[PDB]
>>> print(open('entry_35.json').read())   # JSON, C-alpha atoms and all ligand atoms
[["chain", "number", "residue", "atom", "x", "y", "z"],
["A", 1, "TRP", "CA", -43.25, -93.25, 55.76],
["A", 2, "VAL", "CA", -40.93, -90.18, 55.70],
["A", 3, "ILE", "CA", -40.45, -86.84, 53.91],
["A", 4, "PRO", "CA", -37.53, -87.79, 51.53],
["B", 1, "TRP", "CA", -20.88, -101.91, 54.53],
["B", 2, "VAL", "CA", -22.20, -102.89, 58.02],
["B", 3, "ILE", "CA", -22.52, -105.89, 60.35],
["B", 4, "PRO", "CA", -26.28, -106.71, 59.85],
["C", 1, "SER", "CA", -21.30, -113.98, 59.43],
["C", 2, "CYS", "CA", -22.16, -111.93, 56.24],
["C", 3, "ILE", "CA", -21.43, -108.17, 55.77],
["C", 4, "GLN", "CA", -24.17, -105.96, 54.31],
["C", 5, "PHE", "CA", -24.20, -103.10, 51.76],
["C", 6, "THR", "CA", -26.85, -100.66, 53.13],
["C", 7, "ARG", "CA", -27.60, -98.98, 49.75],
["C", 8, "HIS", "CA", -27.81, -102.21, 47.66],
["C", 9, "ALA", "CA", -31.65, -102.65, 47.63],
["C", 10, "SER", "CA", -32.24, -98.94, 46.79],
["C", 11, "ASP", "CA", -29.56, -99.10, 44.00],
["C", 12, "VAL", "CA", -31.19, -102.29, 42.59],
["C", 13, "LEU", "CA", -34.63, -100.56, 42.53],
["C", 14, "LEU", "CA", -33.14, -97.42, 40.91],
["C", 15, "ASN", "CA", -31.63, -99.56, 38.10],
["C", 16, "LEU", "CA", -34.90, -101.48, 37.60],
["C", 17, "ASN", "CA", -36.67, -98.07, 37.26],
["C", 18, "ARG", "CA", -34.01, -96.98, 34.68],
["C", 19, "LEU", "CA", -34.75, -100.21, 32.71],
["C", 20, "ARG", "CA", -38.50, -99.37, 32.90],
["C", 21, "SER", "CA", -37.98, -95.75, 31.65],
["C", 22, "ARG", "CA", -35.94, -97.10, 28.66],
["C", 23, "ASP", "CA", -38.46, -99.96, 28.06],
["C", 24, "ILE", "CA", -35.70, -102.62, 28.55],
["C", 25, "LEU", "CA", -36.79, -106.24, 29.29],
["C", 26, "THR", "CA", -40.41, -105.11, 30.07],
["C", 27, "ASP", "CA", -42.53, -108.26, 29.57],
["C", 28, "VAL", "CA", -46.12, -107.11, 30.21],
["C", 29, "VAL", "CA", -48.58, -104.30, 29.30],
["C", 30, "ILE", "CA", -51.13, -103.34, 31.96],
["C", 31, "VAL", "CA", -54.27, -101.87, 30.33],
["C", 32, "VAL", "CA", -56.25, -99.38, 32.47],
["C", 33, "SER", "CA", -59.25, -97.98, 30.52],
["C", 34, "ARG", "CA", -57.67, -96.51, 27.32],
["C", 35, "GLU", "CA", -54.16, -96.23, 28.94],
["C", 36, "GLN", "CA", -51.29, -98.73, 28.61],
["C", 37, "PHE", "CA", -48.40, -99.22, 31.07],
["C", 38, "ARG", "CA", -45.31, -101.33, 30.32],
["C", 39, "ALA", "CA", -43.63, -103.08, 33.26],
["C", 40, "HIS", "CA", -41.61, -106.05, 34.53],
["C", 41, "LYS", "CA", -43.81, -108.91, 35.85],
["C", 42, "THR", "CA", -41.33, -109.64, 38.73],
["C", 43, "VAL", "CA", -41.44, -106.03, 40.03],
["C", 44, "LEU", "CA", -45.28, -105.99, 39.84],
["C", 45, "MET", "CA", -45.39, -109.32, 41.80],
["C", 46, "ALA", "CA", -42.89, -108.10, 44.42],
["C", 47, "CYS", "CA", -45.10, -105.01, 45.13],
["C", 48, "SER", "CA", -48.66, -106.23, 44.69],
["C", 49, "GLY", "CA", -50.71, -109.11, 46.09],
["C", 50, "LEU", "CA", -52.93, -108.95, 42.99],
["C", 51, "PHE", "CA", -50.04, -109.23, 40.46],
["C", 52, "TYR", "CA", -48.41, -111.91, 42.67],
["C", 53, "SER", "CA", -51.64, -114.01, 42.32],
["C", 54, "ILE", "CA", -51.94, -113.31, 38.53],
["C", 55, "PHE", "CA", -48.39, -114.18, 37.52],
["C", 56, "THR", "CA", -48.16, -117.36, 39.73],
["C", 57, "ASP", "CA", -51.23, -118.68, 37.88],
["C", 58, "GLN", "CA", -50.05, -121.36, 35.39],
["C", 59, "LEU", "CA", -52.18, -119.80, 32.55],
["C", 60, "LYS", "CA", -51.95, -116.05, 33.31],
["C", 61, "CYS", "CA", -48.13, -116.20, 33.95],
["C", 62, "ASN", "CA", -47.77, -116.42, 30.09],
["C", 63, "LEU", "CA", -49.97, -113.42, 29.15],
["C", 64, "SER", "CA", -48.26, -110.33, 27.64],
["C", 65, "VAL", "CA", -51.40, -108.16, 28.23],
["C", 66, "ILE", "CA", -53.37, -107.77, 31.50],
["C", 67, "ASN", "CA", -56.62, -105.74, 31.58],
["C", 68, "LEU", "CA", -57.59, -104.19, 34.91],
["C", 69, "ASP", "CA", -61.17, -103.74, 36.20],
["C", 70, "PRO", "CA", -62.88, -100.77, 34.33],
["C", 71, "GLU", "CA", -63.43, -98.95, 37.71],
["C", 72, "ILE", "CA", -59.61, -98.48, 38.05],
["C", 73, "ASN", "CA", -58.46, -94.91, 37.36],
["C", 74, "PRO", "CA", -55.33, -94.67, 35.06],
["C", 75, "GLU", "CA", -53.81, -91.81, 37.15],
["C", 76, "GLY", "CA", -54.19, -93.81, 40.40],
["C", 77, "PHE", "CA", -52.47, -96.75, 38.68],
["C", 78, "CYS", "CA", -49.67, -94.54, 37.28],
["C", 79, "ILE", "CA", -48.95, -93.08, 40.80],
["C", 80, "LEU", "CA", -48.81, -96.64, 42.22],
["C", 81, "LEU", "CA", -46.60, -98.00, 39.38],
["C", 82, "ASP", "CA", -44.18, -95.09, 40.05],
["C", 83, "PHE", "CA", -44.21, -95.98, 43.81],
["C", 84, "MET", "CA", -43.44, -99.66, 42.98],
["C", 85, "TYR", "CA", -40.27, -98.62, 41.11],
["C", 86, "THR", "CA", -39.14, -95.74, 43.40],
["C", 87, "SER", "CA", -40.57, -96.12, 47.01],
["C", 88, "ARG", "CA", -42.00, -92.57, 46.46],
["C", 89, "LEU", "CA", -45.76, -91.97, 46.63],
["C", 90, "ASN", "CA", -47.26, -88.81, 45.01],
["C", 91, "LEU", "CA", -50.18, -88.55, 47.45],
["C", 92, "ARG", "CA", -52.30, -85.37, 47.04],
["C", 93, "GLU", "CA", -55.75, -84.17, 48.20],
["C", 94, "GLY", "CA", -57.06, -84.49, 44.62],
["C", 95, "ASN", "CA", -55.84, -88.07, 44.07],
["C", 96, "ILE", "CA", -55.92, -89.77, 47.55],
["C", 97, "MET", "CA", -59.33, -91.45, 47.00],
["C", 98, "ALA", "CA", -58.30, -92.88, 43.57],
["C", 99, "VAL", "CA", -54.88, -93.93, 45.01],
["C", 100, "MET", "CA", -56.43, -95.74, 48.07],
["C", 101, "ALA", "CA", -59.05, -97.56, 45.90],
["C", 102, "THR", "CA", -56.37, -98.64, 43.37],
["C", 103, "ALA", "CA", -54.01, -99.78, 46.23],
["C", 104, "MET", "CA", -56.86, -101.83, 47.80],
["C", 105, "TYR", "CA", -57.53, -103.51, 44.40],
["C", 106, "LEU", "CA", -53.79, -104.10, 43.80],
["C", 107, "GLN", "CA", -53.38, -105.37, 47.42],
["C", 108, "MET", "CA", -50.56, -102.94, 48.41],
["C", 109, "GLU", "CA", -51.19, -102.93, 52.17],
["C", 110, "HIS", "CA", -48.62, -100.27, 53.22],
["C", 111, "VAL", "CA", -50.05, -97.73, 50.67],
["C", 112, "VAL", "CA", -53.63, -98.53, 51.89],
["C", 113, "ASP", "CA", -52.43, -97.89, 55.52],
["C", 114, "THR", "CA", -50.91, -94.43, 54.77],
["C", 115, "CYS", "CA", -54.01, -93.38, 52.71],
["C", 116, "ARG", "CA", -56.32, -94.31, 55.64],
["C", 117, "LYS", "CA", -54.07, -92.30, 58.04],
["C", 118, "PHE", "CA", -53.98, -89.22, 55.74],
["C", 119, "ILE", "CA", -57.81, -89.34, 55.18],
["C", 120, "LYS", "CA", -58.41, -89.67, 58.99],
["C", 121, "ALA", "CA", -56.22, -86.54, 59.67],
["C", 122, "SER", "CA", -58.44, -84.41, 57.32],
["D", 1, "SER", "CA", -43.88, -83.39, 47.27],
["D", 2, "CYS", "CA", -43.89, -87.27, 47.47],
["D", 3, "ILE", "CA", -43.80, -89.30, 50.74],
["D", 4, "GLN", "CA", -41.43, -92.28, 50.97],
["D", 5, "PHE", "CA", -41.72, -95.81, 52.41],
["D", 6, "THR", "CA", -38.23, -96.50, 53.91],
["D", 7, "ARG", "CA", -38.51, -100.34, 53.77],
["D", 8, "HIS", "CA", -39.95, -100.57, 50.20],
["D", 9, "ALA", "CA", -36.67, -101.32, 48.28],
["D", 10, "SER", "CA", -35.58, -103.98, 50.85],
["D", 11, "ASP", "CA", -39.11, -105.58, 50.76],
["D", 12, "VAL", "CA", -39.02, -105.62, 46.91],
["D", 13, "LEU", "CA", -35.58, -107.35, 46.97],
["D", 14, "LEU", "CA", -36.76, -109.87, 49.60],
["D", 15, "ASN", "CA", -39.75, -110.82, 47.37],
["D", 16, "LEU", "CA", -37.53, -111.11, 44.27],
["D", 17, "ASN", "CA", -35.27, -113.48, 46.30],
["D", 18, "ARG", "CA", -38.38, -115.53, 47.33],
["D", 19, "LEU", "CA", -39.31, -115.79, 43.59],
["D", 20, "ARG", "CA", -35.71, -116.95, 42.87],
["D", 21, "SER", "CA", -35.78, -119.64, 45.65],
["D", 22, "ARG", "CA", -39.11, -120.99, 44.23],
["D", 23, "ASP", "CA", -37.83, -120.72, 40.60],
["D", 24, "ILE", "CA", -40.73, -118.34, 39.65],
["D", 25, "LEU", "CA", -40.35, -116.23, 36.46],
["D", 26, "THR", "CA", -36.56, -117.01, 36.24],
["D", 27, "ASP", "CA", -35.67, -116.42, 32.57],
["D", 28, "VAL", "CA", -31.96, -117.32, 32.33],
["D", 29, "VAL", "CA", -29.46, -120.06, 33.37],
["D", 30, "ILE", "CA", -25.90, -118.91, 34.14],
["D", 31, "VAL", "CA", -23.43, -121.76, 33.52],
["D", 32, "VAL", "CA", -20.21, -121.67, 35.60],
["D", 33, "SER", "CA", -18.00, -124.72, 34.86],
["D", 34, "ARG", "CA", -20.31, -127.73, 35.54],
["D", 35, "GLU", "CA", -22.70, -125.64, 37.78],
["D", 36, "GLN", "CA", -25.98, -124.00, 36.71],
["D", 37, "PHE", "CA", -27.67, -120.99, 38.36],
["D", 38, "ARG", "CA", -31.21, -119.84, 37.55],
["D", 39, "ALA", "CA", -31.95, -116.11, 37.84],
["D", 40, "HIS", "CA", -33.95, -113.11, 36.62],
["D", 41, "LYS", "CA", -32.18, -111.15, 33.82],
["D", 42, "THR", "CA", -33.40, -107.78, 35.27],
["D", 43, "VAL", "CA", -31.90, -108.46, 38.73],
["D", 44, "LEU", "CA", -28.57, -109.58, 37.16],
["D", 45, "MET", "CA", -28.51, -106.35, 35.05],
["D", 46, "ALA", "CA", -29.37, -104.13, 38.04],
["D", 47, "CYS", "CA", -26.38, -105.58, 40.00],
["D", 48, "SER", "CA", -23.71, -106.22, 37.39],
["D", 49, "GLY", "CA", -22.04, -104.15, 34.68],
["D", 50, "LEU", "CA", -21.28, -107.37, 32.78],
["D", 51, "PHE", "CA", -24.92, -108.66, 32.77],
["D", 52, "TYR", "CA", -26.13, -105.10, 31.99],
["D", 53, "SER", "CA", -23.94, -105.17, 28.80],
["D", 54, "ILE", "CA", -25.01, -108.76, 27.88],
["D", 55, "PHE", "CA", -28.77, -108.31, 28.19],
["D", 56, "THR", "CA", -28.86, -104.86, 26.43],
["D", 57, "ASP", "CA", -27.21, -106.52, 23.42],
["D", 58, "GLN", "CA", -29.91, -107.02, 20.71],
["D", 59, "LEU", "CA", -28.78, -110.68, 20.12],
["D", 60, "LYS", "CA", -27.76, -111.81, 23.65],
["D", 61, "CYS", "CA", -30.92, -110.27, 25.28],
["D", 62, "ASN", "CA", -32.83, -113.30, 23.82],
["D", 63, "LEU", "CA", -30.53, -116.09, 25.11],
["D", 64, "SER", "CA", -31.88, -118.44, 27.83],
["D", 65, "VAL", "CA", -28.35, -119.77, 28.61],
["D", 66, "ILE", "CA", -25.20, -117.69, 29.35],
["D", 67, "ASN", "CA", -21.80, -119.42, 29.80],
["D", 68, "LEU", "CA", -19.24, -117.60, 31.93],
["D", 69, "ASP", "CA", -15.44, -117.62, 31.36],
["D", 70, "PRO", "CA", -13.95, -121.05, 32.47],
["D", 71, "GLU", "CA", -11.67, -119.24, 35.03],
["D", 72, "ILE", "CA", -14.79, -118.24, 37.07],
["D", 73, "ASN", "CA", -15.21, -120.28, 40.27],
["D", 74, "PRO", "CA", -18.83, -121.55, 40.88],
["D", 75, "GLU", "CA", -18.64, -120.81, 44.66],
["D", 76, "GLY", "CA", -17.50, -117.21, 44.03],
["D", 77, "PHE", "CA", -20.42, -116.81, 41.61],
["D", 78, "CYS", "CA", -22.91, -118.37, 44.07],
["D", 79, "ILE", "CA", -21.79, -115.94, 46.88],
["D", 80, "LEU", "CA", -22.21, -112.99, 44.47],
["D", 81, "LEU", "CA", -25.63, -114.17, 43.17],
["D", 82, "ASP", "CA", -26.79, -114.43, 46.83],
["D", 83, "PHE", "CA", -25.47, -110.84, 47.45],
["D", 84, "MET", "CA", -27.39, -109.57, 44.37],
["D", 85, "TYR", "CA", -30.69, -110.87, 45.82],
["D", 86, "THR", "CA", -30.06, -110.06, 49.53],
["D", 87, "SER", "CA", -27.45, -107.20, 49.97],
["D", 88, "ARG", "CA", -25.53, -109.74, 52.17],
["D", 89, "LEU", "CA", -22.00, -110.81, 51.24],
["D", 90, "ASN", "CA", -20.55, -114.07, 52.69],
["D", 91, "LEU", "CA", -16.93, -112.86, 52.64],
["D", 92, "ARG", "CA", -14.45, -115.27, 54.31],
["D", 93, "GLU", "CA", -10.63, -115.73, 54.37],
["D", 94, "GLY", "CA", -10.99, -118.90, 52.25],
["D", 95, "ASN", "CA", -13.16, -117.32, 49.53],
["D", 96, "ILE", "CA", -12.11, -113.60, 49.36],
["D", 97, "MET", "CA", -9.74, -114.08, 46.39],
["D", 98, "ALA", "CA", -12.36, -116.01, 44.33],
["D", 99, "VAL", "CA", -15.07, -113.45, 45.35],
["D", 100, "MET", "CA", -12.92, -110.39, 44.34],
["D", 101, "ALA", "CA", -11.92, -111.97, 40.96],
["D", 102, "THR", "CA", -15.57, -112.90, 40.19],
["D", 103, "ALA", "CA", -16.79, -109.37, 41.24],
["D", 104, "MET", "CA", -14.14, -107.76, 38.96],
["D", 105, "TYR", "CA", -15.33, -109.96, 36.03],
["D", 106, "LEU", "CA", -19.01, -109.26, 36.81],
["D", 107, "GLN", "CA", -18.24, -105.50, 37.24],
["D", 108, "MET", "CA", -19.73, -105.17, 40.77],
["D", 109, "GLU", "CA", -17.67, -102.17, 41.91],
["D", 110, "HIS", "CA", -18.87, -101.95, 45.56],
["D", 111, "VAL", "CA", -18.01, -105.68, 46.18],
["D", 112, "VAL", "CA", -14.55, -105.14, 44.53],
["D", 113, "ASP", "CA", -14.01, -102.11, 46.88],
["D", 114, "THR", "CA", -14.80, -104.05, 50.12],
["D", 115, "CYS", "CA", -12.63, -107.05, 48.99],
["D", 116, "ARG", "CA", -9.64, -104.70, 48.37],
["D", 117, "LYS", "CA", -10.18, -103.11, 51.84],
["D", 118, "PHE", "CA", -10.42, -106.52, 53.62],
["D", 119, "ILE", "CA", -7.30, -107.87, 51.78],
["D", 120, "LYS", "CA", -5.32, -104.66, 52.66],
["D", 121, "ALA", "CA", -6.22, -105.07, 56.42],
["D", 122, "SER", "CA", -4.67, -108.62, 56.45],
["E", 201, "LIG", "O1", -49.22, -105.70, 50.30],
["E", 201, "LIG", "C1", -48.72, -106.61, 49.64],
["E", 201, "LIG", "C2", -47.44, -106.58, 48.79],
["E", 201, "LIG", "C3", -47.31, -108.01, 48.33],
["E", 201, "LIG", "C4", -46.32, -108.63, 47.57],
["E", 201, "LIG", "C5", -46.48, -110.03, 47.29],
["E", 201, "LIG", "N1", -45.45, -110.71, 46.55],
["E", 201, "LIG", "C6", -44.73, -111.78, 47.02],
["E", 201, "LIG", "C7", -44.96, -112.38, 48.29],
["E", 201, "LIG", "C8", -44.19, -113.48, 48.60],
["E", 201, "LIG", "CL1", -44.47, -114.19, 50.13],
["E", 201, "LIG", "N2", -43.22, -114.05, 47.83],
["E", 201, "LIG", "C9", -42.98, -113.46, 46.63],
["E", 201, "LIG", "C10", -43.69, -112.35, 46.20],
["E", 201, "LIG", "CL2", -43.31, -111.68, 44.72],
["E", 201, "LIG", "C11", -47.61, -110.77, 47.77],
["E", 201, "LIG", "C12", -48.59, -110.13, 48.55],
["E", 201, "LIG", "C13", -48.43, -108.75, 48.81],
["E", 201, "LIG", "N3", -49.26, -107.91, 49.59],
["E", 202, "LIG", "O1", -20.84, -101.91, 39.69],
["E", 202, "LIG", "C1", -21.77, -101.90, 38.88],
["E", 202, "LIG", "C2", -23.23, -102.31, 39.10],
["E", 202, "LIG", "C3", -23.88, -101.98, 37.79],
["E", 202, "LIG", "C4", -25.21, -102.07, 37.38],
["E", 202, "LIG", "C5", -25.52, -101.66, 36.04],
["E", 202, "LIG", "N1", -26.89, -101.70, 35.61],
["E", 202, "LIG", "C6", -27.61, -100.61, 35.17],
["E", 202, "LIG", "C7", -27.05, -99.31, 35.05],
["E", 202, "LIG", "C8", -27.87, -98.33, 34.54],
["E", 202, "LIG", "CL1", -27.18, -96.77, 34.40],
["E", 202, "LIG", "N2", -29.17, -98.46, 34.17],
["E", 202, "LIG", "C9", -29.72, -99.69, 34.31],
["E", 202, "LIG", "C10", -28.99, -100.76, 34.80],
["E", 202, "LIG", "CL2", -29.76, -102.25, 34.97],
["E", 202, "LIG", "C11", -24.52, -101.18, 35.15],
["E", 202, "LIG", "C12", -23.18, -101.08, 35.58],
["E", 202, "LIG", "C13", -22.88, -101.48, 36.89],
["E", 202, "LIG", "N3", -21.63, -101.44, 37.56],
["E", 203, "CL", "CL", -47.29, -101.31, 49.69],
["E", 204, "CL", "CL", -21.71, -104.08, 43.91]]
>>> encode(input="entry_35.json", output="structure tokens", more="lines below")
Ligand SMILES: O=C1Cc2cc(Nc3cc(Cl)ncc3Cl)ccc2N1
Ligand SMILES: O=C1Cc2cc(Nc3cc(Cl)ncc3Cl)ccc2N1
Ligand SMILES: [Cl-]
Ligand SMILES: [Cl-]
Amino acid sequence: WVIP
Amino acid sequence: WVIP
Amino acid sequence: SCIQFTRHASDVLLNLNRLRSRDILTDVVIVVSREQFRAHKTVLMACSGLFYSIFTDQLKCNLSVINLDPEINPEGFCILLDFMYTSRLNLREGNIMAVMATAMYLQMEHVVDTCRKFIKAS
Amino acid sequence: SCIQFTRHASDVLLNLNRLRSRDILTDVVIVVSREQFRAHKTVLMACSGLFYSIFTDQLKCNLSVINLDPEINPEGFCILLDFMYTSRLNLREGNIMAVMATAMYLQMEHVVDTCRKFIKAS
């Protein structure tokens, strides 16, 4: 999971 | 396009 | 010896979401309490262990309406349906419990994993 | 303020390809000369300008069989159908001309672009  |  | 187009999967998902927003080729209605959500059976199956089981069943594969368990929160479902079509999860303090419970029911293991991590941190 | 799961789109496409290999929820047959190819209308639309136009047409959206132009080569189509479901293109010296012509007909602009680049290099 990432910060888009 | 890339070499997978 | 194939070549690969890096953005292809993301572009496919973006177009499937555009079809969903315009209600094109949607073949099922998911009923959550009073709320109704139109979707594509194949996308639901590709994202969820529960929908995979439902639509591979010889009788249920032909249903145009699927009613979820009354304990399922419509907002939690809506957040998860959006994630299925975009890869983006709107996880907030006020919805995390409803999102985790809905993801456990829908069998969306990666969403369950991030919810458990975010709850543990707080 | 969403979070994003990097591998989600690729995982969705992989599961849609698994459904295709097992002939699950396929809703159309594409006829290319004597050859028949089963697929999901939504995936074809998401990848191809031609299928997008066909299945948004109020009459053609309801057809279970679509016949392509007799000039279309079944191998070129097969390579492109595989690319639609995997992001991987089996581009070879012996098939590049049939692949480019089929991609131009199907309106798959990124495939047309790489074929033109590979032809130019040789
Ligand atoms: O967390 C999850 C997500 C998920 C998706 C699917 N859907 C498929 C799986 C296979 Cl192997 N082939 C085809 C499909 Cl559509 C099943 C279980 C789960 N669990
Ligand atoms: O090279 C290409 C690939 C492609 C895909 C689609 N399919 C869509 C486009 C839009 Cl805007 N919304 C929904 C869909 Cl399914 C149309 C044209 C082309 N040209
Ligand atoms: Cl997931
Ligand atoms: Cl393309």
>>> closest_residue(input="entry_35.json", among="D:26, D:15, D:36, D:114", to="ligand CL 204 (chain E)", atoms="all atoms listed in the file")
D:114
>>> residues_near_ligand(input="entry_35.json", ligand="ligand LIG 201 (chain E)", cutoff="7 Å", atoms="only C-alpha atoms and all ligand atoms", output="list in words")
residues 42, 45, 46, 47, 48, 49, 52, 107, 108, 109 and 110 of chain C; 15, 16, 18 and 19 of chain D
>>> write_last_selection(input="entry_35.json", atoms="C-alpha atoms", output="PDB file, keeping the file's coordinate frame")
ATOM      1  CA  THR C  42     -41.330-109.640  38.730  1.00  0.00           C
ATOM      2  CA  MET C  45     -45.390-109.320  41.800  1.00  0.00           C
ATOM      3  CA  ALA C  46     -42.890-108.100  44.420  1.00  0.00           C
ATOM      4  CA  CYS C  47     -45.100-105.010  45.130  1.00  0.00           C
ATOM      5  CA  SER C  48     -48.660-106.230  44.690  1.00  0.00           C
ATOM      6  CA  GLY C  49     -50.710-109.110  46.090  1.00  0.00           C
ATOM      7  CA  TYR C  52     -48.410-111.910  42.670  1.00  0.00           C
ATOM      8  CA  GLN C 107     -53.380-105.370  47.420  1.00  0.00           C
ATOM      9  CA  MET C 108     -50.560-102.940  48.410  1.00  0.00           C
ATOM     10  CA  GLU C 109     -51.190-102.930  52.170  1.00  0.00           C
ATOM     11  CA  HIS C 110     -48.620-100.270  53.220  1.00  0.00           C
TER      12      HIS C 110
ATOM     13  CA  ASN D  15     -39.750-110.820  47.370  1.00  0.00           C
ATOM     14  CA  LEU D  16     -37.530-111.110  44.270  1.00  0.00           C
ATOM     15  CA  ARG D  18     -38.380-115.530  47.330  1.00  0.00           C
ATOM     16  CA  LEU D  19     -39.310-115.790  43.590  1.00  0.00           C
TER      17      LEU D  19
END
>>> residues_near_point(input="entry_35.json", point="(-29.1, -106.8, 47.2)", cutoff="6 Å", atoms="all atoms listed in the file", output="list in words")
residues 8 and 9 of chain C; 83, 84, 85, 86 and 87 of chain D
>>> closest_atom_pairs(input="entry_35.json", of="chain C", to="chain B", cutoff="7 Å", atoms="only C-alpha atoms", output="tab-separated table")
residue	atom	partner	partner_atom	distance
C:3	CA	B:3	CA	5.2
C:4	CA	B:2	CA	5.2
C:5	CA	B:1	CA	4.5
C:6	CA	B:1	CA	6.3
>>> axis_aligned_box(input="entry_35.json", around="chain A", padding_each_side="5 Å", output="JSON")
{"center_x": -40.4, "center_y": -90.0, "center_z": 53.6, "size_x": 15.7, "size_y": 16.4, "size_z": 14.2}
>>> residues_around(input="entry_35.json", residues="residue C:72", least_positions_apart="5", cutoff="12 Å", atoms="only C-alpha atoms", output="VMD selection string")
chain C and resid 30 to 35 67 77 to 78 80 97 to 106
>>> atom_distance(input="entry_35.json", atom1="atom CA of residue C:79", atom2="atom CA of residue C:22")
18.2 Å
>>> atom_distance(input="entry_35.json", atom1="atom CA of residue C:7", atom2="atom CA of residue D:66")
27.8 Å
>>> closest_residue(input="entry_35.json", among="C:2, C:121, C:65, C:12", to="ligand CL 204 (chain E)", atoms="only C-alpha atoms and all ligand atoms")
C:12
>>> atom_distance(input="entry_35.json", atom1="atom CA of residue C:96", atom2="atom CA of residue C:27")
29.1 Å
>>> closest_residue(input="entry_35.json", among="D:25, D:14, D:112, D:59", to="ligand LIG 202 (chain E)", atoms="all atoms listed in the file")
D:112
>>> closest_residue(input="entry_35.json", among="C:68, C:50, C:61, C:119", to="chain D", atoms="all atoms listed in the file")
C:61
>>> closest_residue(input="entry_35.json", among="D:54, D:29, D:43, D:81", to="chain C", atoms="all atoms listed in the file")
D:43
>>> build_atoms(input="entry_35.json", residues="stretch 19-33 of chain D", atoms="N, CA and C atoms", output="JSON list (two decimals), keeping the file's coordinate frame")
[["chain", "number", "residue", "atom", "x", "y", "z"],
["D", 19, "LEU", "N", -38.98, -115.30, 44.94],
["D", 19, "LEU", "CA", -39.31, -115.79, 43.59],
["D", 19, "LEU", "C", -38.15, -116.65, 43.06],
["D", 20, "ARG", "N", -36.90, -116.20, 43.27],
["D", 20, "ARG", "CA", -35.71, -116.95, 42.87],
["D", 20, "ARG", "C", -35.64, -118.33, 43.56],
["D", 21, "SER", "N", -35.83, -118.38, 44.90],
["D", 21, "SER", "CA", -35.78, -119.64, 45.65],
["D", 21, "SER", "C", -36.84, -120.64, 45.19],
["D", 22, "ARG", "N", -38.00, -120.14, 44.71],
["D", 22, "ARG", "CA", -39.11, -120.99, 44.23],
["D", 22, "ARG", "C", -39.09, -121.18, 42.71],
["D", 23, "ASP", "N", -38.04, -120.67, 42.05],
["D", 23, "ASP", "CA", -37.83, -120.72, 40.60],
["D", 23, "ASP", "C", -39.00, -120.10, 39.79],
["D", 24, "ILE", "N", -39.59, -119.01, 40.30],
["D", 24, "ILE", "CA", -40.73, -118.34, 39.65],
["D", 24, "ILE", "C", -40.25, -117.20, 38.76],
["D", 25, "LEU", "N", -40.64, -117.25, 37.47],
["D", 25, "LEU", "CA", -40.35, -116.23, 36.46],
["D", 25, "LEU", "C", -38.84, -116.05, 36.16],
["D", 26, "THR", "N", -38.00, -117.03, 36.58],
["D", 26, "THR", "CA", -36.56, -117.01, 36.24],
["D", 26, "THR", "C", -36.51, -117.21, 34.72],
["D", 27, "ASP", "N", -35.70, -116.42, 34.03],
["D", 27, "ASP", "CA", -35.67, -116.42, 32.57],
["D", 27, "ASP", "C", -34.29, -116.66, 31.98],
["D", 28, "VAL", "N", -33.31, -117.04, 32.82],
["D", 28, "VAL", "CA", -31.96, -117.32, 32.33],
["D", 28, "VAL", "C", -31.25, -118.34, 33.25],
["D", 29, "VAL", "N", -30.34, -119.13, 32.67],
["D", 29, "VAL", "CA", -29.46, -120.06, 33.37],
["D", 29, "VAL", "C", -28.05, -119.54, 33.12],
["D", 30, "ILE", "N", -27.30, -119.31, 34.20],
["D", 30, "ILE", "CA", -25.90, -118.91, 34.14],
["D", 30, "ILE", "C", -25.11, -120.18, 34.40],
["D", 31, "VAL", "N", -24.27, -120.57, 33.42],
["D", 31, "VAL", "CA", -23.43, -121.76, 33.52],
["D", 31, "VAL", "C", -22.02, -121.35, 33.92],
["D", 32, "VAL", "N", -21.54, -121.92, 35.04],
["D", 32, "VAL", "CA", -20.21, -121.67, 35.60],
["D", 32, "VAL", "C", -19.59, -123.05, 35.81],
["D", 33, "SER", "N", -18.63, -123.39, 34.95],
["D", 33, "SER", "CA", -18.00, -124.72, 34.86],
["D", 33, "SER", "C", -19.13, -125.77, 34.72]]
